[PDB]
Amino acid sequence: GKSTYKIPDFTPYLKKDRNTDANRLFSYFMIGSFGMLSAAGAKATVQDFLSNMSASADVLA
Amino acid sequence: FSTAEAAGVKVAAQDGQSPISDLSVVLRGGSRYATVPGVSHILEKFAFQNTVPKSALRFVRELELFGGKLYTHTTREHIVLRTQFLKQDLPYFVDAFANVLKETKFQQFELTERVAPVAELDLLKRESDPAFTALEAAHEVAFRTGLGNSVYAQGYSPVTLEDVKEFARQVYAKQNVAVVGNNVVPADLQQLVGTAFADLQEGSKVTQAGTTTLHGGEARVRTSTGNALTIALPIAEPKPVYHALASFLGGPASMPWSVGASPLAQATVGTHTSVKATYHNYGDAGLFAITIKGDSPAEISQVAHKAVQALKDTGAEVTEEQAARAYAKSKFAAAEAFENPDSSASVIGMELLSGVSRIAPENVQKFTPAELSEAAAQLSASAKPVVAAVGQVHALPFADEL
Amino acid sequence: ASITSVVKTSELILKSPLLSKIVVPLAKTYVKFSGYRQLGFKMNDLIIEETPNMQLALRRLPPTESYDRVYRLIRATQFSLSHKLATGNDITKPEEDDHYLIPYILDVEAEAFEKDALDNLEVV
Amino acid sequence: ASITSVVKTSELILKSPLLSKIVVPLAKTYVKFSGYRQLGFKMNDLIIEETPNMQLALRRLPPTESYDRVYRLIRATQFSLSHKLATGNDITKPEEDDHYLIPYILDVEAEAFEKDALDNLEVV
Amino acid sequence: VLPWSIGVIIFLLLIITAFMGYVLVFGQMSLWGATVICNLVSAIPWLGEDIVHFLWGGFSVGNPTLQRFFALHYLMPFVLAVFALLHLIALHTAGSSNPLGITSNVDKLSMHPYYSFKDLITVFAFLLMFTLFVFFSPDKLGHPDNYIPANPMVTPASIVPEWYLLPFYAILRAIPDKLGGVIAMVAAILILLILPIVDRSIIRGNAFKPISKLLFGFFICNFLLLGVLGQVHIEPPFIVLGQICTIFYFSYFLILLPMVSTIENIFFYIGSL
Amino acid sequence: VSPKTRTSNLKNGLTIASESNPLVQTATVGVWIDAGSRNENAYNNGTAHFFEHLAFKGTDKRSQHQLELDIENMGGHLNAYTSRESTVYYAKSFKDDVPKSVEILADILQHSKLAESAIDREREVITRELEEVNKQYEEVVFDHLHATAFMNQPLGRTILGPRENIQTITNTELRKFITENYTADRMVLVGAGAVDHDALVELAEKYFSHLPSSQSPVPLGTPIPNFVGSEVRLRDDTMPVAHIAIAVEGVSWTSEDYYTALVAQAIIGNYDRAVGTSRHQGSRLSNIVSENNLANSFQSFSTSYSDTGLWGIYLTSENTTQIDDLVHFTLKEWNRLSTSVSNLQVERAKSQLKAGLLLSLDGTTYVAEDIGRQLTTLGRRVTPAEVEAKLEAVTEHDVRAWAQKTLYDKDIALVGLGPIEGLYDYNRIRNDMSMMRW
Amino acid sequence: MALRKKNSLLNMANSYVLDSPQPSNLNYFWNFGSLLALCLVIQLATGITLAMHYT
Ligand code: HEM
Ligand code: HEM
Ligand SMILES: CCCCCCCCCCCCO[C@@H]1O[C@H](CO)[C@@H](O[C@H]2O[C@H](CO)[C@@H](O)[C@H](O)[C@H]2O)[C@H](O)[C@H]1O
Ligand SMILES: CCCCCCCCCCCCO[C@@H]1O[C@H](CO)[C@@H](O[C@H]2O[C@H](CO)[C@@H](O)[C@H](O)[C@H]2O)[C@H](O)[C@H]1O
């Protein structure tokens with residue numbers, strides 16, 4: 001309320017194992033999974049979409 | 001410090017048992033010899049700029065490979081250029097000083113972009129302390145020229161490249177140069193200086209334009225950045241007793257969270273003010289000063305009255321206890337000055353450049369209570385008191401009030 | 001190319017008697033046909049300036065040299081837009097074609113190149 | 001609308017006994033349901049400030065009032081982004097809801113409106 | 001450098017835009033030009049044939065190719081306008097250069113009214129040339145074969161690109177290898193990107209450089225001769241001449257400009273001492 | 001080659017350590033104690049600093065005034081400081097005034113009055129110190145830095161303590177603190193300059209022989225800190241200079257990476273626009289900062305404690321629109337300790353440090369401080385030969401491996417004071433702790 | 001100075017998508033602007049593609 005050296009209470013949020021490699025690795029697993037599905041989704045999207053430019057069924061017939 | 005001569009250059013060195021050597025070139029080129037105001041400060045800042053053999057850049061990069069350091073300062077009497085390095089690297093440092101004195105290219109761009117801006121920051125940092133300003137103002141009132149010249153380069157009077165080049169032509173000469181080596185083998189230094197400084201001009205002794213004249217007066221430097229007051233008393237015959245008197249009157253505490261047992265320290269009780277008595281010997285004249293800084297002009301005024309009273313009281317009677325306390329505080333001050341590399345260099349520099357033999361700390365004279373009181377009496381009864389007020393000058397004392 | 005390069009190579013040529021005997025007359029003709037003197041320029045007024053090094057060299061010119069260079073650029077610009085050539089005293093005579101800028105740029109570049117070298121030193 | 005207008009109309013209402021008897025209780029409930037006090041704001045913190053007149057009024061606030069207003073805006077912004085309401089002493093109590101800015105803006109606008117009138121004077 | 005480099009891309013987009021628009025007529029030159037130019041992609045190793053069929057949307061130039069060229073021909077000018085704007089924004093940091101090659105920071109004029117009114121003169125000169133072609137000779141710059149409907153069976157006597165692509169076509173013919181020729185043809189445009197490096201001059205521009213001016217003259221005339229050789233028949237002696245002109249084209253960037261600009265630096269220095 | 005540091009013990013377990021210099025005429029004797037604010041709990045936080053004030057307020061024999069006079073008569077001075085892990089009390093004097101100074105120090109430590117009247121008087125002086133540190137910006141920044149990095153832990157507390165404790169500190173808790181902590185096995189009597197070791201050992205036997213020993217004597221410099229990546233912003237638009245500290249968890253005194261951390265710190269180095277040579281320094285950050293006027297100064301640091309440390313940089317800048325550039329370029333130079341440093345930078349920093357570690361010790365007080373610090377953190381004075389060998393053992397591989405585990409992609413503690421609007425939020429600063437190109 | 005700030009083209013992008021200073025409390029209704037940009041990009045990509053096949 002007055003002293004600025006008394007850090008406000010962050011105990012409701014702080015993780016005990018915050019400096020560990022396991023802690024970082026988990027968050028990068030989430031980021032990595034998200035990046036992985038975005039890569040797989042982009043690939044699928046691009047491939048299906050661009051295939052419109054390949055010979056259509058009536059041309060192949 | 002075994003004083004010798006190597007190729008016309010005075011060299012003093014003292015071997016030691018440390019891995020660290022300090023080599024200092026002391027030049028007779030301080031502000032009392034300054035041709036134009038501020039030139040000795042500028043010449044100090046022009047040391048280790050571009051020389052013909054070695055650029056400033058190359059010097060700094062190589063100095064970092066030796067892990068050496070460089071220190072320079074200007075006084076009223078000297079310019080001191082000091083290097084600190086490992087013992088073994090001595091030849092490099094000797095040759096570096098030789099390049100600076102013989103082969104500095106004084107280039108206009110270095111003055112505008114490098115040297116003058118650094119000189120300006122140097123002064124602004126010093127002036128942040130109002131006590132510095134007050135003591136500088138006091139010298140200016142007391143001596144006018146010579147010792148009254150400003151030590152530092154100021155904005156109102158610009159130093160030109162021709163000014164600095166002319167001054168360097170006088171100063172950088174065998175007659176104005178002393179080499180001082182702390183923890184340097186004296187025989188080895190003489191050999192190196194003798195080869196490196198052989199082709200330096202002989203030149204002539206730099207002199208003070210005009211004799212030292214003493215004046216009284218007042219200076220009122222109006223600032224908004226703190227308050228201080230110096231009470232100086234110019235001394236026509238400098239005597240060693242004023243050291244004892246400065247230490248007796250004292251002012252700073254010898255202990256944390258204390259006021260102190262010194263008369264001037266006891267003058268500050270009940271105020272957030274500090275006080276310091278100092279004596280400045282300049283050979284042919286001296287200055288005895290008492291500087292008081294504080295945040296309150298009212299408190300400074302209050303202490304200033306007590307300070308002048310303290311000096312008068314001292315002129316009346318000193319006890320034997322007090323006289324012994326003065327001897328002890330003074331021997332100690334002498335010892336620590338001969339230890340500190342900055343002050344050490346200039347002390348031997350004075351011995352070499354003038355001929356004033358150093359007073360060893362062990363040989364500091366003990367002054368009787370009679371001799372101390374007599375010295376204080378002369379100061380209380382001075383015909384030419386100087387007062388320099390800094391800060392809210394309308395609220396600080398005047399000389400005639402004190 | 002750096003001014004340093006140009007100056008060093010030129011000095012190699014000027015040293016060799018044979019080389020100078022054949023190169024110096026060509027260089028003088030080149031300069032005459034170049035025709036920058038007919039717009040009242042000095043050779044150094046043409047050097048590209050939009051570079052950190054050159055901006056620093058120009059800032060180090062003495063004020064007089066700087067004010068005169070500004071005038072020659074403005075005057076040449078006015079000849080260019082008017083499709084005229086200099087006449088009389090506006091033509092740069094060969095003795096007025098002085099290398100006023102070369103010493104400044106050579107000093108700026110000397111430091112710049114030394115800094116590059118020293119950034120790559122290896123303690124032995 | 002100008003603050004001047006709002007203040008004048010409000011004063012007309014407060015004068016009339018009938019009008020005040022019916023308007024003042026409504027205005028007090030309106031303010032309670034408005035709920036700006038639950039984010040620790042004072043009413044004047046909500047007034048649009050991106051106008052020359054308001055920027056001038058804000059510059060004339062005493063430094064302490066100005067620093068406190070900055071804190072209330074930052075605090076309310078943090079409640080807004082967190083989707084929380086003030087609790088305890090952060091809630092603005094009715095006695096703390098002071099019109100700290102109204103006098104400054106009324107002076108700025110008084111001059112602005114006088115200037116507009118006087119720009120249209122006709123010597124009779 | 002940056003406005004120039006984006007400029008090189010603008011030039012590539014203009015070529016693509018114009019090539020696709022020419023196909024839209026679907027005359028003999030439209031079809032056969034699309035066929036031969038699109039078959040250059042077949043040279044890309046491994047995937048080249050597959051890419052061509054993918055571009056055509058079938059096994060030869062036909063309806064799918066025409067419909068996609070229409071959509072892309074409509075789009076590409078908007079892309080080109082964006083890049084034209086980008087190169088101007090990039091230029092705005094230095095401003096326009098000027099014919100003397102020096103700074104203009106000492107002496108500036110507003111764009112309006114001075115260059116507004118000076119631009120009107122060339123606008124009206126352009127409109128006069130436009131008028132003479134559009135109203136009096138509308139087909140002078142075209143090929144009569146494009147008034148014959150596309151016929152995949154009959155091949156026209158000579159299949160040439162529009163005149164503005166002819167120098168690049170001559171460069172391609174000069175290299176006997178298919179892939180070699182395609183690389184050379186693309187390199188002839190992309191090599192413009194190295195001018196900032198290979199020009200070693202301490203001075204900007206040619207106004208005061210007599211040797212550079214001569215070299216530039218030869219370079220430009222060689223570029224026009226390559227254009228002419230792009231539309232002659234593949235016959236003696238034009239085969240060898242096309243190879244020599246191709247070598248000259250590349251040697252300007254790789255050898256001559258670096259050499260000449262080096263020597264002129266020295267002549268300016270020595271000549272003015 | 002400097003003279004050998006002699007070391008003796010007493011029976012109680014007090015260490016005496018001395019290094020003579022027959023070229024000087026002054027001497028620094030004093031007591032280094034392996035105790036400080038970190039030994040307090042939350043209730044008596046501030047006690048160690050409180051004691052330092054009372055130590056000079058009078059003893060069972062000499063009153064406050066007598067104490068003043070006795071030191072004045074000696075001719076030198078006394079000094080003290082309390083830190084988080086260390087307390088020092090020393091006396092600088094003349095060669096032959098050393099027995100007086102040892103006697104006064106022994107008195108103020110063992111036999112202090114701690115009179116209720118003096119407690120009550122200092123309680124105001126110390127209360128005023130709370131509102132005047134506010135001016136010492138570097139200290140404000142570093143105290144917030146410890147508070148946040150070691151959030152709610154003993155290293156995170158200040159030395160002054162809260163206002164509440166200052167009002168409630170009693171002579172009882174003062175006495176309890178110094179009885180528990182100022183024990184012989186935690187103390188070192190140090191002499192440097194014109195001191196004889198054998199003389200100093202006799203003076204120790206005379207004055208410090210009746211010191212309590214602790215029940216469980218651990219070795220000198222014996223200690224779990226859990227670093228919190230976090231930030232404190234103290235924006236003040238009226239200040240012209242921004243002060244910023246950024247740190248990661250660093251190394252303890254006895255870490256195997258202690259020298260590797262010093263070399264890495266020397267690769268970034270320091271910078272100050274007011275010093276003439278600083279524009280020519282070899283450090284890459286120095287070159288970027290000086291060329292672009294990004295800062296008035298920066299100072300790399302590697303602070304060690306018994307069981308943790310903070311490694312980082314302190315920046316000052318007036319360039320308030322380019323704070324982002326300053327922070328960006330600083331952290332990109334840290335990234336290069338992980339990705340790019342080679343033998344070129346490493347050998348240059350080692351050269352500079354081999355001298356630096358010796359240069360620092362240039363006076364009797366610096367020597368005494370070095371003996372005292374080393375004896376209370378490592379249990380021994382490390383000879384320059386050993387230090388030269390440990391520095392030489394640092395390779396570029398060691399630096400890269402250390403930076404990859406300590407700096408790369410790690411949480412930082414960040415404190416900003418002054419006009420720091422341009423300092424971006426935590427994420428954007430912490431994202432500069434790695435490089436996407438690597 | 002960082003390239004994203006120094007280069008005039010990059011700095012335009014930077015000013016709109018990266019360093020652009022935003023209020024810290026925008027709610028989810030401030031997300032429709034980017035959805036509108038997404039719709040516009042989908043309509044351009046699908047629209048130009050349909051144009052390749054439409055008569
Ligand atoms: C649609 C095509 C283009 C348009 C509309 C266009 C327009 C312009 C305009 C209006 C200017 C400023 C005025 C001028 O100097 O003429 C300019 C300058 C410039 N353009 Fe282009 N341009 C185009 C294509 C190109 C190409 C293909 C290049 C390069 C290969 C190029 C390179 C430049 C350069 C370097 C400048 C700066 C020239 C200078 O002022 O010194 N542009 N352009
Ligand atoms: C804001 C962007 C656009 C909007 C809102 C929009 C809207 C629409 C709508 C409502 C239709 C009728 C769809 C149906 O029921 O089949 C349509 C058809 C079409 N649009 Fe767009 N359109 C947009 C952009 C474009 C663009 C950029 C193109 C480029 C050519 C384009 C090409 C077409 C074509 C060829 C059709 C007819 C084929 C079909 O119906 O699917 N559109 N558009
Ligand atoms: C820069 C990007 C690189 C170039 C992009 C490549 C463009 C074209 C790549 C392949 C396009 C066609 O590639 C083809 O895609 C379709 C899906 O779309 C796949 O087809 C598969 O799924 C579709 C529907 O999803 C089914 O009707 C089909 O029976 C099944 O085999 C083929 O297994 C694959 O051979
Ligand atoms: C949305 C897609 C991303 C592409 C960017 C959109 C293109 C539109 C950009 C062109 C319009 C000009 O955009 C204008 O640029 C300058 C610098 O770039 C911005 O200027 C802003 O940022 C720069 C630094 O980032 C500061 O010098 C300046 O004080 C500040 O106002 C303007 O606030 C913006 O209005």
Side-chain angles (χ1 to χ4, degrees), chain B residues 1-30 33 43-44 47-48 51-54 59 62-63 66 68-73 75 77-104 167-207 338 341-358 360, chain F residues 23:
Chain B
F1 280 103
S2 57
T3 289
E5 205 102 28
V9 174
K10 270 159 203 168
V11 171
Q14 180 176 59
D15 204 30
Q17 271 172 318
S18 169
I20 298 312
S21 297
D22 302 354
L23 189 67
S24 305
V25 166
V26 189
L27 299 168
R28 190 198 332 269
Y33 307 109
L43 182 60
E44 178 232 321
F48 298 103
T51 69
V52 165
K54 193 189 285 317
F59 177 69
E62 285 173 345
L63 176 85
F66 276 127
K69 302 283 190 52
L70 199 91
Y71 305 89
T72 68
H73 67 284
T75 64
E77 176 63 39
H78 298 124
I79 293 165
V80 181
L81 311 177
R82 179 167 96 262
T83 51
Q84 188 174 64
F85 47 93
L86 294 181
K87 216 148 163 204
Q88 356 107 19
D89 315 296
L90 176 68
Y92 179 90
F93 292 91
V94 166
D95 294 344
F97 277 127
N99 297 337
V100 164
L101 294 174
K102 286 154 64 200
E103 284 118 14
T104 294
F167 194 57
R169 267 173 290 257
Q170 297 164 250
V171 170
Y172 286 178
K174 282 179 189 190
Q175 282 279 291
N176 301 290
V177 160
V179 179
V180 183
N182 218 304
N183 178 68
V184 171
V185 177
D188 285 316
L189 180 62
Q190 286 149 23
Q191 201 273 319
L192 292 161
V193 171
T195 54
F197 287 47
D199 296 318
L200 181 67
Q201 308 176 255
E202 175 72 10
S204 64
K205 273 198 205 312
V206 170
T207 52
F338 197 53
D342 316 73
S343 40
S344 192
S346 71
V347 158
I348 317 133
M350 190 84 71
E351 177 254 345
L352 290 160
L353 285 172
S354 316
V356 186
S357 287
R358 69 182 178 276
Chain F
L23 203 32

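Chain letters run A, B, ... following the sequence lines, proteins first and then strands; every chain starts at 1.
Contacts of B:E202 classified as side chain to side chain donor-acceptor pair (under 3.5 Å), with partners at least two apart in sequence or in another chain: B:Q175. Looking at residues two or more places apart in sequence or on another chain, you find no side chain to side chain donor-acceptor pair (under 3.5 Å) involving B:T195.
Distance check, rounded to the nearest 0.5 Å: OG1 of B:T72 to CD1 of B:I79 gives 9.0 Å. Atom-to-atom distance recorded for B:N176:CG and B:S204:OG is 7.0 Å, nearest 0.5 angstrom. Summarising the geometry, atom OG belonging to B:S346 is positioned 12.0 Å from atom CD belonging to B:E351; distances are rounded to the nearest 0.5 Å. From B:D342, atom CG reaches atom OG of B:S344 across 9.5 Å, with rounding to the nearest 0.5 Å.
Between B:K102 and B:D199 there is a side-chain heavy-atom pair separated by less than 4.5 Å. Considering only heavy atoms from C-beta on, B:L189 stays 4.5 Å or farther from B:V185 through its side chain. Under the 4.5 Å side-chain criterion, counting only non-hydrogen atoms from C-beta, B:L70 is not in contact with B:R82. Residues B:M350 and B:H78 are in side-chain contact: their nearest non-hydrogen atoms beyond the backbone lie under 4.5 Å apart. You'll find the side chain of B:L27 reaches within 4.5 Å of the side chain of B:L101, heavy atoms only.
Aromatic pair B:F59/B:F48: ring centres closer than 6.0 Å. Taking the ring centroids of B:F197 and B:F97, they lie at or beyond the 6.0 Å cut-off.
When the options B:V193, B:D89, B:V94 are evaluated for a side-chain contact (heavy atoms from CB on, under 4.5 Å) with B:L23, the one that passes is B:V94.
Counted by atom type alone, B:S21 and B:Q84 present zero donor-acceptor pairs between their side chains at under 3.5 Å.
Contact record, B:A6 with B:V11: CB-CG2, 4.0 Å, taken as the closest heavy-atom pair. Shown here for B:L43 and B:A168, the closest heavy-atom pair between the two residues is CD1-CB, 3.7 Å. For B:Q17 against B:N183, the heavy-atom pair with the smallest separation is N-OD1, 3.6 Å. Heavy-atom minimum distance, B:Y92 versus B:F66: CG-CE1, 3.3 Å. Of all heavy-atom pairs between B:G203 and B:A173, the closest is CA-CB, 3.8 Å. Here the closest heavy-atom approach between residue B:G29 and residue B:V171 is recorded as CA-CG2, 4.0 Å.
Between the side chain of B:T75 and the backbone N or O of B:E77, at least one donor-acceptor pair lies under 3.5 Å. Put simply, the side chain of B:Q190 gets close to the backbone of B:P186: a donor and an acceptor are under 3.5 Å apart. Between the B:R28 side chain and the B:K205 main chain, no donor and acceptor come within less than 3.5 Å of each other. At least one donor-acceptor pair closer than 3.5 Å links the side chain of B:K174 to the backbone N or O of B:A198. Remark: side-chain polar atoms of B:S18 are paired, donor with acceptor, to backbone N or O of B:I20 under 3.5 angstrom. Proximity of a side-chain donor or acceptor of B:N182 to a complementary backbone N or O of B:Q14 within less than 3.5 Å is not detected.
Using bins of under 30°, 30° to 60° and over 60° for the plane-to-plane angle, the ring pair B:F1/B:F338 lands in the perpendicular bin.
Remark: B:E62 engages B:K54 in a salt bridge, criterion side-chain N to carboxylate O under 4.0 Å. Under the 4.0 Å criterion applied to side-chain N and carboxylate O atoms, B:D15 and B:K87 are assigned as salt-bridge partners.
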With side-chain contact (heavy atoms from CB on, under 4.5 Å) as the criterion, how do B:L353 and B:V177 come out once you've worked through the C-alpha distance, each side chain's angles and the decisive distance to 0.1 Å? CA-CA 7 Å; B:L353 285 172; B:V177 160; 5.8 Å; no
In sequence, state the C-alpha distance, the side-chain angles, and the governing distance for B:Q201 and B:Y172, and then conclude on side-chain hydrogen bond (donor to acceptor under 3.5 Å, both in side chains). CA-CA 8 Å; B:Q201 308 176 255; B:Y172 286 178; over 6 Å; no
Checking B:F93 against B:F85 for the ring pair (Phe, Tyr, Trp, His ring centres under 6.0 Å) test, could you report, in this order, the C-alpha distance in whole Å, the side-chain angles of both residues, the deciding distance, and whether it holds? CA-CA 8 Å; B:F93 292 91; B:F85 47 93; 4.3 Å; yes
